[PDB]
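Undergrad: This one is work_31.txt, compact mmCIF, N, CA and C atoms.
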```txt
# COMPACT_ATOMS: atom_id res chain seq x y z
N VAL H 3599 -40.22 76.95 180.58
CA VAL H 3599 -39.73 76.34 179.35
C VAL H 3599 -39.17 74.96 179.65
N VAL H 3600 -38.73 74.75 180.90
CA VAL H 3600 -38.24 73.44 181.30
C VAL H 3600 -39.36 72.41 181.29
N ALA H 3601 -40.61 72.85 181.50
CA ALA H 3601 -41.74 71.93 181.41
C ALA H 3601 -41.90 71.39 180.00
N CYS H 3602 -41.68 72.24 179.00
CA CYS H 3602 -41.71 71.78 177.61
C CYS H 3602 -40.46 70.97 177.28
N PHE H 3603 -39.33 71.32 177.90
CA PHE H 3603 -38.09 70.59 177.66
C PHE H 3603 -38.17 69.16 178.16
N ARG H 3604 -38.74 68.95 179.35
CA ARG H 3604 -38.74 67.62 179.95
C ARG H 3604 -39.67 66.67 179.20
N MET H 3605 -40.66 67.20 178.49
CA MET H 3605 -41.64 66.36 177.81
C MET H 3605 -40.94 65.48 176.79
N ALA H 3606 -41.23 64.19 176.83
CA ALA H 3606 -40.41 63.20 176.15
C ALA H 3606 -40.56 63.31 174.64
N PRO H 3607 -39.47 63.39 173.89
CA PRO H 3607 -39.55 63.16 172.44
C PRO H 3607 -39.93 61.71 172.16
N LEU H 3608 -40.11 61.40 170.88
CA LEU H 3608 -40.57 60.07 170.49
C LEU H 3608 -39.62 58.97 170.93
N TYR H 3609 -38.32 59.26 171.08
CA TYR H 3609 -37.37 58.19 171.35
C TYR H 3609 -37.47 57.70 172.79
N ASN H 3610 -38.05 58.51 173.68
CA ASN H 3610 -38.31 58.04 175.03
C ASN H 3610 -39.56 57.17 175.08
N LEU H 3611 -40.52 57.43 174.20
CA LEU H 3611 -41.80 56.76 174.27
C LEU H 3611 -41.63 55.26 174.04
N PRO H 3612 -42.48 54.42 174.63
CA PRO H 3612 -42.40 52.98 174.36
C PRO H 3612 -42.67 52.69 172.90
N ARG H 3613 -42.18 51.52 172.46
CA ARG H 3613 -42.23 51.19 171.04
C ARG H 3613 -43.66 51.15 170.53
N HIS H 3614 -44.58 50.52 171.27
CA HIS H 3614 -45.93 50.31 170.77
C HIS H 3614 -46.70 51.63 170.66
N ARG H 3615 -46.52 52.54 171.62
CA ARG H 3615 -47.19 53.83 171.54
C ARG H 3615 -46.71 54.62 170.33
N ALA H 3616 -45.39 54.62 170.09
CA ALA H 3616 -44.85 55.30 168.92
C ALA H 3616 -45.34 54.65 167.63
N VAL H 3617 -45.49 53.32 167.64
CA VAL H 3617 -46.02 52.63 166.47
C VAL H 3617 -47.46 53.03 166.20
N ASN H 3618 -48.28 53.13 167.25
CA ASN H 3618 -49.65 53.59 167.07
C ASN H 3618 -49.69 55.00 166.51
N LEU H 3619 -48.87 55.89 167.07
CA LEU H 3619 -48.81 57.26 166.57
C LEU H 3619 -48.38 57.30 165.12
N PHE H 3620 -47.39 56.48 164.75
CA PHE H 3620 -46.95 56.42 163.37
C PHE H 3620 -48.04 55.89 162.46
N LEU H 3621 -48.80 54.89 162.92
CA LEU H 3621 -49.89 54.38 162.10
C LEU H 3621 -50.90 55.47 161.82
N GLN H 3622 -51.27 56.24 162.84
CA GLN H 3622 -52.24 57.31 162.65
C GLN H 3622 -51.69 58.39 161.72
N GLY H 3623 -50.45 58.82 161.97
CA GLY H 3623 -49.86 59.87 161.16
C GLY H 3623 -49.67 59.44 159.72
N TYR H 3624 -49.23 58.20 159.51
CA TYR H 3624 -49.12 57.64 158.18
C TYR H 3624 -50.48 57.64 157.49
N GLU H 3625 -51.52 57.22 158.21
CA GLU H 3625 -52.86 57.24 157.64
C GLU H 3625 -53.19 58.62 157.09
N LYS H 3626 -53.26 59.62 157.97
CA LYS H 3626 -53.65 60.96 157.50
C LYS H 3626 -52.69 61.51 156.44
N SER H 3627 -51.38 61.33 156.61
CA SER H 3627 -50.44 62.03 155.75
C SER H 3627 -50.34 61.39 154.37
N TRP H 3628 -50.47 60.07 154.28
CA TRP H 3628 -50.20 59.35 153.04
C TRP H 3628 -51.46 58.68 152.50
N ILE H 3629 -52.17 57.91 153.33
CA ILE H 3629 -53.23 57.06 152.81
C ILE H 3629 -54.41 57.90 152.34
N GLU H 3630 -54.75 58.94 153.11
CA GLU H 3630 -55.82 59.84 152.70
C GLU H 3630 -55.42 60.66 151.48
N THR H 3631 -54.20 61.19 151.48
CA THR H 3631 -53.76 62.06 150.39
C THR H 3631 -53.59 61.32 149.08
N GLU H 3632 -53.25 60.03 149.13
CA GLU H 3632 -53.10 59.26 147.90
C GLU H 3632 -54.44 59.17 147.18
N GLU H 3633 -54.43 59.48 145.89
CA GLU H 3633 -55.64 59.53 145.10
C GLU H 3633 -55.40 58.90 143.73
N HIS H 3634 -56.40 58.16 143.25
CA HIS H 3634 -56.39 57.59 141.91
C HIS H 3634 -57.74 57.85 141.26
N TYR H 3635 -57.72 58.16 139.97
CA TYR H 3635 -58.92 58.47 139.20
C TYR H 3635 -59.42 57.19 138.55
N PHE H 3636 -60.63 56.76 138.92
CA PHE H 3636 -61.22 55.54 138.41
C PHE H 3636 -62.68 55.69 138.01
N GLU H 3637 -63.31 56.83 138.32
CA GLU H 3637 -64.74 56.97 138.09
C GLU H 3637 -65.08 56.91 136.61
N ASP H 3638 -64.28 57.56 135.77
CA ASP H 3638 -64.55 57.56 134.34
C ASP H 3638 -64.44 56.18 133.71
N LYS H 3639 -63.65 55.28 134.30
CA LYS H 3639 -63.58 53.91 133.81
C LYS H 3639 -64.71 53.07 134.40
N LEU H 3640 -65.02 53.27 135.68
CA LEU H 3640 -66.06 52.48 136.33
C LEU H 3640 -67.43 52.74 135.71
N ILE H 3641 -67.77 54.01 135.52
CA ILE H 3641 -69.09 54.37 135.02
C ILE H 3641 -69.18 54.04 133.54
N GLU H 3642 -68.04 53.86 132.89
CA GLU H 3642 -68.05 53.40 131.50
C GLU H 3642 -68.27 51.90 131.41
N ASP H 3643 -67.55 51.13 132.23
CA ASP H 3643 -67.74 49.68 132.25
C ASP H 3643 -69.16 49.33 132.67
N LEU H 3644 -69.70 50.04 133.66
CA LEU H 3644 -71.07 49.79 134.08
C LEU H 3644 -72.06 50.17 132.98
N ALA H 3645 -71.78 51.26 132.26
CA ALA H 3645 -72.71 51.71 131.23
C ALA H 3645 -72.65 50.83 129.98
N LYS H 3646 -71.57 50.08 129.80
CA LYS H 3646 -71.46 49.23 128.62
C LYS H 3646 -72.56 48.17 128.63
N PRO H 3647 -73.38 48.09 127.58
CA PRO H 3647 -74.29 46.94 127.43
C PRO H 3647 -73.48 45.69 127.16
N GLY H 3648 -73.51 44.75 128.11
CA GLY H 3648 -72.62 43.62 128.01
C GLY H 3648 -73.17 42.46 127.21
N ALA H 3649 -72.78 42.40 125.94
CA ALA H 3649 -73.00 41.24 125.07
C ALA H 3649 -74.46 40.80 125.04
N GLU H 3650 -75.40 41.74 125.19
CA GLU H 3650 -76.81 41.36 125.21
C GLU H 3650 -77.23 40.56 123.98
N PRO H 3651 -76.82 40.90 122.76
CA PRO H 3651 -77.10 40.01 121.62
C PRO H 3651 -76.29 38.72 121.68
N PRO H 3652 -75.00 38.75 122.05
CA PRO H 3652 -74.27 37.47 122.21
C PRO H 3652 -74.94 36.45 123.13
N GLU H 3653 -75.17 36.74 124.41
CA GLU H 3653 -75.93 35.76 125.18
C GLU H 3653 -77.42 35.86 124.86
N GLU H 3654 -78.17 34.84 125.28
CA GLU H 3654 -79.53 34.61 124.80
C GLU H 3654 -80.50 35.58 125.48
N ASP H 3655 -80.70 36.72 124.81
CA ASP H 3655 -81.73 37.66 125.26
C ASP H 3655 -83.05 37.38 124.55
N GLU H 3656 -83.07 37.49 123.22
CA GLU H 3656 -84.27 37.26 122.41
C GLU H 3656 -85.46 38.06 122.94
N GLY H 3657 -85.25 39.35 123.17
CA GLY H 3657 -86.30 40.18 123.71
C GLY H 3657 -85.84 41.62 123.81
N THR H 3658 -86.54 42.37 124.66
CA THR H 3658 -86.19 43.77 124.87
C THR H 3658 -84.80 43.88 125.49
N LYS H 3659 -84.11 44.96 125.17
CA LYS H 3659 -82.74 45.16 125.63
C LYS H 3659 -82.69 45.23 127.15
N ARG H 3660 -81.92 44.33 127.75
CA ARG H 3660 -81.83 44.27 129.20
C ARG H 3660 -81.16 45.51 129.76
N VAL H 3661 -81.62 45.94 130.93
CA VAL H 3661 -81.05 47.13 131.56
C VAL H 3661 -79.60 46.87 131.94
N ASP H 3662 -78.74 47.83 131.61
CA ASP H 3662 -77.32 47.72 131.88
C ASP H 3662 -77.06 47.86 133.38
N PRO H 3663 -75.88 47.43 133.85
CA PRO H 3663 -75.61 47.49 135.30
C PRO H 3663 -75.77 48.87 135.90
N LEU H 3664 -75.36 49.91 135.19
CA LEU H 3664 -75.56 51.27 135.69
C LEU H 3664 -77.04 51.58 135.82
N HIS H 3665 -77.84 51.16 134.83
CA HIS H 3665 -79.28 51.36 134.91
C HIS H 3665 -79.88 50.63 136.10
N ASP D 1930 -42.84 48.44 162.91
CA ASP D 1930 -42.03 48.04 164.06
C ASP D 1930 -40.58 48.49 163.92
N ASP D 1931 -39.98 48.26 162.75
CA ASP D 1931 -38.59 48.67 162.59
C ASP D 1931 -38.47 50.08 162.04
N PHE D 1932 -39.46 50.54 161.26
CA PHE D 1932 -39.39 51.90 160.76
C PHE D 1932 -39.39 52.90 161.90
N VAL D 1933 -40.31 52.73 162.86
CA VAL D 1933 -40.36 53.59 164.03
C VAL D 1933 -39.13 53.45 164.91
N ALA D 1934 -38.56 52.24 165.02
CA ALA D 1934 -37.34 52.07 165.79
C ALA D 1934 -36.20 52.91 165.21
N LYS D 1935 -35.99 52.83 163.90
CA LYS D 1935 -34.93 53.62 163.29
C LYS D 1935 -35.24 55.11 163.36
N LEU D 1936 -36.51 55.49 163.19
CA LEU D 1936 -36.87 56.90 163.31
C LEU D 1936 -36.60 57.43 164.72
N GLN D 1937 -36.92 56.65 165.75
CA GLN D 1937 -36.65 57.03 167.13
C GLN D 1937 -35.15 57.13 167.40
N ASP D 1938 -34.37 56.18 166.90
CA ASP D 1938 -32.92 56.26 167.06
C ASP D 1938 -32.36 57.52 166.41
N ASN D 1939 -32.84 57.85 165.21
CA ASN D 1939 -32.38 59.06 164.54
C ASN D 1939 -32.80 60.31 165.30
N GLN D 1940 -34.01 60.32 165.86
CA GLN D 1940 -34.43 61.48 166.63
C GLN D 1940 -33.63 61.64 167.92
N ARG D 1941 -33.21 60.53 168.54
CA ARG D 1941 -32.27 60.61 169.65
C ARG D 1941 -30.93 61.19 169.20
N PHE D 1942 -30.44 60.74 168.05
CA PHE D 1942 -29.17 61.24 167.54
C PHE D 1942 -29.24 62.74 167.25
N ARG D 1943 -30.31 63.18 166.61
CA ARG D 1943 -30.46 64.60 166.29
C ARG D 1943 -30.59 65.43 167.56
N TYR D 1944 -31.31 64.93 168.56
CA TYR D 1944 -31.40 65.65 169.83
C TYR D 1944 -30.04 65.74 170.51
N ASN D 1945 -29.24 64.67 170.42
CA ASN D 1945 -27.89 64.70 170.97
C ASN D 1945 -27.06 65.78 170.28
N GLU D 1946 -27.16 65.85 168.96
CA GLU D 1946 -26.44 66.89 168.22
C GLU D 1946 -26.92 68.28 168.61
N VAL D 1947 -28.23 68.44 168.80
CA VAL D 1947 -28.77 69.74 169.20
C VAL D 1947 -28.24 70.15 170.56
N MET D 1948 -28.21 69.21 171.51
CA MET D 1948 -27.66 69.49 172.83
C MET D 1948 -26.18 69.81 172.78
N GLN D 1949 -25.41 69.12 171.94
CA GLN D 1949 -23.99 69.41 171.84
C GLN D 1949 -23.74 70.76 171.16
N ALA D 1950 -24.64 71.17 170.27
CA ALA D 1950 -24.49 72.41 169.53
C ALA D 1950 -25.19 73.59 170.20
N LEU D 1951 -25.90 73.35 171.31
CA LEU D 1951 -26.56 74.44 172.02
C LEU D 1951 -25.58 75.52 172.47
N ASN D 1952 -24.33 75.14 172.75
CA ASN D 1952 -23.36 76.07 173.33
C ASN D 1952 -22.77 77.04 172.31
N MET D 1953 -23.03 76.87 171.02
CA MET D 1953 -22.54 77.82 170.02
C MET D 1953 -23.58 78.86 169.61
N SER D 1954 -24.87 78.50 169.59
CA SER D 1954 -25.92 79.45 169.20
C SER D 1954 -27.16 79.16 170.04
N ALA D 1955 -27.40 79.99 171.05
CA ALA D 1955 -28.56 79.80 171.91
C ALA D 1955 -29.85 80.26 171.23
N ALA D 1956 -29.77 81.33 170.44
CA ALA D 1956 -30.95 81.83 169.75
C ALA D 1956 -31.46 80.82 168.72
N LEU D 1957 -30.53 80.17 168.02
CA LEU D 1957 -30.90 79.11 167.08
C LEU D 1957 -31.57 77.94 167.79
N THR D 1958 -31.13 77.64 169.01
CA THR D 1958 -31.58 76.43 169.70
C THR D 1958 -33.09 76.45 169.93
N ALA D 1959 -33.68 77.64 170.07
CA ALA D 1959 -35.12 77.74 170.32
C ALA D 1959 -35.92 77.05 169.22
N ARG D 1960 -35.82 77.55 167.99
CA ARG D 1960 -36.58 76.94 166.90
C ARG D 1960 -35.96 75.62 166.49
N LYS D 1961 -34.71 75.37 166.89
CA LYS D 1961 -34.08 74.10 166.56
C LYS D 1961 -34.66 72.96 167.39
N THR D 1962 -35.06 73.25 168.63
CA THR D 1962 -35.62 72.24 169.52
C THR D 1962 -37.13 72.40 169.72
N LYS D 1963 -37.77 73.35 169.03
CA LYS D 1963 -39.23 73.37 169.03
C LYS D 1963 -39.78 72.04 168.54
N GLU D 1964 -39.03 71.35 167.67
CA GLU D 1964 -39.47 70.05 167.18
C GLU D 1964 -39.54 69.03 168.31
N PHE D 1965 -38.54 69.02 169.19
CA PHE D 1965 -38.57 68.12 170.34
C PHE D 1965 -39.52 68.60 171.42
N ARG D 1966 -39.88 69.88 171.42
CA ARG D 1966 -40.85 70.41 172.36
C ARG D 1966 -42.28 70.32 171.83
N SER D 1967 -42.46 69.85 170.61
CA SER D 1967 -43.79 69.66 170.04
C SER D 1967 -44.41 68.36 170.52
N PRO D 1968 -45.74 68.28 170.56
CA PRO D 1968 -46.41 67.06 171.02
C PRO D 1968 -46.05 65.87 170.14
N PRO D 1969 -46.14 64.64 170.67
CA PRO D 1969 -45.70 63.48 169.88
C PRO D 1969 -46.48 63.28 168.59
N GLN D 1970 -47.78 63.59 168.58
CA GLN D 1970 -48.54 63.45 167.34
C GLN D 1970 -48.04 64.43 166.29
N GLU D 1971 -47.79 65.68 166.68
CA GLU D 1971 -47.18 66.64 165.78
C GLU D 1971 -45.79 66.22 165.34
N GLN D 1972 -45.03 65.56 166.22
CA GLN D 1972 -43.72 65.05 165.84
C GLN D 1972 -43.85 64.00 164.75
N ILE D 1973 -44.79 63.07 164.90
CA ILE D 1973 -45.07 62.09 163.86
C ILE D 1973 -45.46 62.78 162.56
N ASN D 1974 -46.35 63.77 162.64
CA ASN D 1974 -46.80 64.46 161.44
C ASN D 1974 -45.66 65.17 160.72
N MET D 1975 -44.77 65.84 161.46
CA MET D 1975 -43.70 66.58 160.81
C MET D 1975 -42.59 65.66 160.31
N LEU D 1976 -42.36 64.53 160.98
CA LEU D 1976 -41.36 63.59 160.48
C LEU D 1976 -41.89 62.69 159.37
N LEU D 1977 -43.20 62.64 159.16
CA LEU D 1977 -43.76 61.90 158.03
C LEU D 1977 -44.22 62.83 156.91
N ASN D 1978 -43.51 63.94 156.70
CA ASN D 1978 -43.89 64.93 155.70
C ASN D 1978 -42.94 64.97 154.52
N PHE D 1979 -42.22 63.88 154.25
CA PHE D 1979 -41.34 63.88 153.08
C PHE D 1979 -42.06 63.44 151.82
N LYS D 1980 -43.37 63.19 151.88
CA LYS D 1980 -44.16 63.10 150.67
C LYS D 1980 -44.15 64.44 149.95
N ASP D 1981 -44.21 64.38 148.62
CA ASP D 1981 -44.03 65.56 147.77
C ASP D 1981 -42.62 66.10 147.95
N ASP D 1982 -42.39 67.36 147.57
CA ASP D 1982 -41.06 67.94 147.62
C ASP D 1982 -40.99 69.16 148.54
N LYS D 1983 -41.94 69.30 149.46
CA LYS D 1983 -41.87 70.39 150.43
C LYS D 1983 -40.66 70.22 151.35
N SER D 1984 -40.40 69.00 151.80
CA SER D 1984 -39.16 68.58 152.44
C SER D 1984 -38.79 69.38 153.68
N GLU D 1985 -39.77 69.90 154.43
CA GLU D 1985 -39.43 70.58 155.68
C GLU D 1985 -39.04 69.59 156.77
N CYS D 1986 -39.32 68.31 156.56
CA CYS D 1986 -39.03 67.31 157.57
C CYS D 1986 -37.52 67.12 157.71
N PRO D 1987 -37.02 66.79 158.90
CA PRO D 1987 -35.61 66.44 159.06
C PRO D 1987 -35.28 64.98 158.78
N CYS D 1988 -36.19 64.24 158.15
CA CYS D 1988 -35.95 62.83 157.90
C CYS D 1988 -34.88 62.66 156.82
N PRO D 1989 -33.87 61.83 157.06
CA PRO D 1989 -32.82 61.63 156.06
C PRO D 1989 -33.29 60.78 154.90
N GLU D 1990 -32.51 60.81 153.83
CA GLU D 1990 -32.90 60.13 152.60
C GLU D 1990 -33.00 58.62 152.79
N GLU D 1991 -32.10 58.04 153.58
CA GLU D 1991 -32.11 56.59 153.75
C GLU D 1991 -33.39 56.12 154.45
N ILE D 1992 -33.84 56.86 155.46
CA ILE D 1992 -35.09 56.50 156.13
C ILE D 1992 -36.28 56.81 155.24
N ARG D 1993 -36.18 57.90 154.46
CA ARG D 1993 -37.26 58.25 153.54
C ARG D 1993 -37.49 57.16 152.50
N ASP D 1994 -36.40 56.58 151.99
CA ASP D 1994 -36.52 55.61 150.91
C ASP D 1994 -37.27 54.36 151.35
N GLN D 1995 -37.06 53.93 152.59
CA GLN D 1995 -37.75 52.73 153.07
C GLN D 1995 -39.26 52.92 153.07
N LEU D 1996 -39.73 54.07 153.58
CA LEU D 1996 -41.16 54.32 153.56
C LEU D 1996 -41.68 54.55 152.14
N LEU D 1997 -40.91 55.21 151.28
CA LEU D 1997 -41.31 55.36 149.89
C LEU D 1997 -41.41 54.02 149.16
N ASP D 1998 -40.59 53.04 149.53
CA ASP D 1998 -40.66 51.70 148.98
C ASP D 1998 -41.83 50.90 149.55
N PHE D 1999 -42.06 50.99 150.86
CA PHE D 1999 -43.18 50.27 151.46
C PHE D 1999 -44.51 50.82 150.96
N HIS D 2000 -44.59 52.13 150.76
CA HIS D 2000 -45.80 52.71 150.20
C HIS D 2000 -46.07 52.22 148.79
N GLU D 2001 -45.05 52.11 147.95
CA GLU D 2001 -45.20 51.55 146.61
C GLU D 2001 -45.63 50.09 146.67
N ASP D 2002 -45.03 49.31 147.56
CA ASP D 2002 -45.43 47.91 147.71
C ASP D 2002 -46.88 47.79 148.16
N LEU D 2003 -47.29 48.64 149.11
CA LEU D 2003 -48.68 48.64 149.56
C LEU D 2003 -49.63 49.03 148.44
N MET D 2004 -49.24 50.02 147.63
CA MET D 2004 -50.11 50.46 146.55
C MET D 2004 -50.25 49.35 145.52
N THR D 2005 -49.16 48.65 145.22
CA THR D 2005 -49.21 47.52 144.29
C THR D 2005 -50.10 46.41 144.84
N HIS D 2006 -49.99 46.14 146.14
CA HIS D 2006 -50.86 45.15 146.76
C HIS D 2006 -52.32 45.56 146.64
N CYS D 2007 -52.61 46.84 146.83
CA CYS D 2007 -53.96 47.37 146.67
C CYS D 2007 -54.38 47.45 145.21
N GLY D 2008 -53.46 47.23 144.27
CA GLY D 2008 -53.80 47.28 142.86
C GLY D 2008 -54.17 48.66 142.36
N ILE D 2009 -53.40 49.68 142.73
CA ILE D 2009 -53.68 51.06 142.34
C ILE D 2009 -53.08 51.43 141.00
N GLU D 2010 -51.95 50.82 140.62
CA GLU D 2010 -51.34 51.09 139.32
C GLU D 2010 -50.56 49.87 138.83
```
Take the structure in the file and give it back as structure tokens.
TA:
Amino acid sequence: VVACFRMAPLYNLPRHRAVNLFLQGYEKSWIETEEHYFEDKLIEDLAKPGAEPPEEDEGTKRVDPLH
Amino acid sequence: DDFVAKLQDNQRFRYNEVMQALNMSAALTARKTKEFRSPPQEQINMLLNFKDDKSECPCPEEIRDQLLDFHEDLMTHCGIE
């Protein structure tokens, strides 16, 4: 059990190694878990026919960005 | 750079308290110092677990608030809300 005891906690570790470990742990714990819903807005903006009569089409309806 | 410095100082302080309190409850000390006997990556993971309200981490509120503020600033920079 003394082998596990002697193993250094984070406060013994050098600053840069602990910073790297924190960067990785922060990534998995926070950055991955953080989620925002945007698909329903993106696929709507892409599906919107953008001002095809306003700008000079004078022809068949141009394919929308989603198309 | 400074978040990890303060976290390391606090973990030294908590280990000091654990060592001073070892003489009152030896059975408690086992699971009390399993955190310091855990690998450093697991230590980072358990000390960065104050997201949500599970709150099993020993991180104090003052240290928690700084990361909760930096995360909000980062999210604003990323334009998430």
Undergrad: What is the distance between atom CA of residue 1931 of chain D and atom C of residue 1963 of chain D, in Å to one decimal?
TA: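 Taking atom CA of residue 1931 of chain D and atom C of residue 1963 of chain D, their separation equals 24.1 Å.
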Undergrad: Would you mind listing, as a list in words, all residues of chain D that have at least one atom within 8 Å of chain H, where all atoms listed in the file are what counts?
TA: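 The contacting residues on chain D are residues 1930, 1933, 1934, 1936, 1937, 1938, 1939, 1940, 1941, 1964, 1965, 1966, 1967, 1968, 1969, 1970, 1972, 1973, 1974, 1975, 1977, 1978, 1980 and 2009 of chain D.
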Undergrad: Kindly export the residues of the current selection with N, CA and C atoms, as a compact mmCIF listing (two decimals), in the frame of the given file.
TA:
```txt
# COMPACT_ATOMS: atom_id res chain seq x y z
N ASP D 1930 -42.84 48.44 162.91
CA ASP D 1930 -42.03 48.04 164.06
C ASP D 1930 -40.58 48.49 163.92
N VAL D 1933 -40.31 52.73 162.86
CA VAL D 1933 -40.36 53.59 164.03
C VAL D 1933 -39.13 53.45 164.91
N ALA D 1934 -38.56 52.24 165.02
CA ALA D 1934 -37.34 52.07 165.79
C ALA D 1934 -36.20 52.91 165.21
N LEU D 1936 -36.51 55.49 163.19
CA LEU D 1936 -36.87 56.90 163.31
C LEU D 1936 -36.60 57.43 164.72
N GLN D 1937 -36.92 56.65 165.75
CA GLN D 1937 -36.65 57.03 167.13
C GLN D 1937 -35.15 57.13 167.40
N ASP D 1938 -34.37 56.18 166.90
CA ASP D 1938 -32.92 56.26 167.06
C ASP D 1938 -32.36 57.52 166.41
N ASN D 1939 -32.84 57.85 165.21
CA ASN D 1939 -32.38 59.06 164.54
C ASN D 1939 -32.80 60.31 165.30
N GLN D 1940 -34.01 60.32 165.86
CA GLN D 1940 -34.43 61.48 166.63
C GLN D 1940 -33.63 61.64 167.92
N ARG D 1941 -33.21 60.53 168.54
CA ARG D 1941 -32.27 60.61 169.65
C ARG D 1941 -30.93 61.19 169.20
N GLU D 1964 -39.03 71.35 167.67
CA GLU D 1964 -39.47 70.05 167.18
C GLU D 1964 -39.54 69.03 168.31
N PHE D 1965 -38.54 69.02 169.19
CA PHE D 1965 -38.57 68.12 170.34
C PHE D 1965 -39.52 68.60 171.42
N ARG D 1966 -39.88 69.88 171.42
CA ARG D 1966 -40.85 70.41 172.36
C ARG D 1966 -42.28 70.32 171.83
N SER D 1967 -42.46 69.85 170.61
CA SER D 1967 -43.79 69.66 170.04
C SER D 1967 -44.41 68.36 170.52
N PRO D 1968 -45.74 68.28 170.56
CA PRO D 1968 -46.41 67.06 171.02
C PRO D 1968 -46.05 65.87 170.14
N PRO D 1969 -46.14 64.64 170.67
CA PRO D 1969 -45.70 63.48 169.88
C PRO D 1969 -46.48 63.28 168.59
N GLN D 1970 -47.78 63.59 168.58
CA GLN D 1970 -48.54 63.45 167.34
C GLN D 1970 -48.04 64.43 166.29
N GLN D 1972 -45.03 65.56 166.22
CA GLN D 1972 -43.72 65.05 165.84
C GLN D 1972 -43.85 64.00 164.75
N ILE D 1973 -44.79 63.07 164.90
CA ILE D 1973 -45.07 62.09 163.86
C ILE D 1973 -45.46 62.78 162.56
N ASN D 1974 -46.35 63.77 162.64
CA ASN D 1974 -46.80 64.46 161.44
C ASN D 1974 -45.66 65.17 160.72
N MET D 1975 -44.77 65.84 161.46
CA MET D 1975 -43.70 66.58 160.81
C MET D 1975 -42.59 65.66 160.31
N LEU D 1977 -43.20 62.64 159.16
CA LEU D 1977 -43.76 61.90 158.03
C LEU D 1977 -44.22 62.83 156.91
N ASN D 1978 -43.51 63.94 156.70
CA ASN D 1978 -43.89 64.93 155.70
C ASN D 1978 -42.94 64.97 154.52
N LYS D 1980 -43.37 63.19 151.88
CA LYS D 1980 -44.16 63.10 150.67
C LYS D 1980 -44.15 64.44 149.95
N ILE D 2009 -53.40 49.68 142.73
CA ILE D 2009 -53.68 51.06 142.34
C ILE D 2009 -53.08 51.43 141.00
```
Undergrad: I'd like the interatomic distance between atom C of residue 3646 of chain H and atom C of residue 2004 of chain D, to a tenth of an Å.
TA: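 Between atom C of residue 3646 of chain H and atom C of residue 2004 of chain D the gap works out to 28.0 Å.
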Undergrad: In Å to one decimal, how far is atom CA of residue 1992 of chain D from atom CA of residue 1942 of chain D?
TA: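 According to the coordinates, atom CA of residue 1942 of chain D and atom CA of residue 1992 of chain D are separated by 13.7 Å.
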Undergrad: Of the residues D:1999, D:1935, D:2007, D:1960, which is the one nearest to residue 1947 of chain D, using only C-alpha atoms?
TA: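 For residue 1947 of chain D, the nearest of the given residues is D:1960.
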Undergrad: Taking only chain H into account, list the residues labelled alpha helix (DSSP H) by DSSP (computed from the backbone), as a list in words.
TA: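 Output for chain H, alpha helix (DSSP H) only: residues 3600, 3601, 3602, 3603, 3604, 3613, 3614, 3615, 3616, 3617, 3618, 3619, 3620, 3621, 3622, 3623, 3624, 3637, 3638, 3639, 3640, 3641, 3642, 3643, 3644 and 3645 of chain H.
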Undergrad: Need the shell around residue 3662 of chain H: protein/DNA/RNA residues with any atom at most 7 Å away, counting only N, CA and C atoms. Skip same-chain ones fewer than 3 positions apart. Format as a list in words?
TA: residues 3644, 3645, 3646, 3647, 3648, 3659 and 3665 of chain H
Undergrad: With all atoms of segment 3614-3621 of chain H from the file as input, state the centre and edge lengths in Å to one decimal of the axis-aligned box that has 8 Å extra on each side, as lines of an AutoDock Vina configuration file.
TA:
```
center_x = -47.7
center_y = 53.8
center_z = 166.7
size_x = 22.3
size_y = 23.0
size_z = 25.8
```
Undergrad: Emit a file covering segment 1955-1987 of chain D of the preceding structure with C-alpha atoms, as a JSON list (two decimals), in the first residue's frame.
TA:
```
[["chain", "number", "residue", "atom", "x", "y", "z"],
["D", 1955, "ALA", "CA", -7.90, 4.95, 10.25],
["D", 1956, "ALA", "CA", -10.79, 3.14, 8.55],
["D", 1957, "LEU", "CA", -12.03, 6.43, 7.08],
["D", 1958, "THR", "CA", -8.54, 7.27, 5.82],
["D", 1959, "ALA", "CA", -8.63, 4.45, 3.25],
["D", 1960, "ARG", "CA", -11.41, 5.82, 1.06],
["D", 1961, "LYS", "CA", -10.44, 9.33, 2.13],
["D", 1962, "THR", "CA", -7.01, 9.00, 0.47],
["D", 1963, "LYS", "CA", -8.03, 6.73, -2.41],
["D", 1964, "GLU", "CA", -8.29, 10.05, -4.26],
["D", 1965, "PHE", "CA", -4.58, 10.75, -3.70],
["D", 1966, "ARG", "CA", -3.80, 7.10, -4.52],
["D", 1967, "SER", "CA", -5.65, 7.37, -7.85],
["D", 1968, "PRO", "CA", -3.72, 7.97, -11.09],
["D", 1969, "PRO", "CA", -3.19, 11.63, -12.06],
["D", 1970, "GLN", "CA", -5.55, 11.44, -15.05],
["D", 1971, "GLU", "CA", -8.30, 10.06, -12.80],
["D", 1972, "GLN", "CA", -7.47, 12.81, -10.31],
["D", 1973, "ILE", "CA", -8.02, 15.42, -13.02],
["D", 1974, "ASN", "CA", -11.27, 13.72, -14.03],
["D", 1975, "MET", "CA", -12.67, 13.58, -10.49],
["D", 1976, "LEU", "CA", -11.61, 17.14, -9.63],
["D", 1977, "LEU", "CA", -13.17, 18.45, -12.87],
["D", 1978, "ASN", "CA", -16.58, 16.86, -12.16],
["D", 1979, "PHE", "CA", -18.42, 19.85, -10.70],
["D", 1980, "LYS", "CA", -20.34, 20.23, -13.95],
["D", 1981, "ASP", "CA", -24.01, 19.45, -13.32],
["D", 1982, "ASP", "CA", -25.09, 18.85, -9.71],
["D", 1983, "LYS", "CA", -23.62, 15.40, -9.01],
["D", 1984, "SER", "CA", -20.95, 17.24, -6.96],
["D", 1985, "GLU", "CA", -18.90, 14.21, -5.88],
["D", 1986, "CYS", "CA", -15.78, 16.29, -6.51],
["D", 1987, "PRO", "CA", -13.96, 17.87, -3.53]]
```
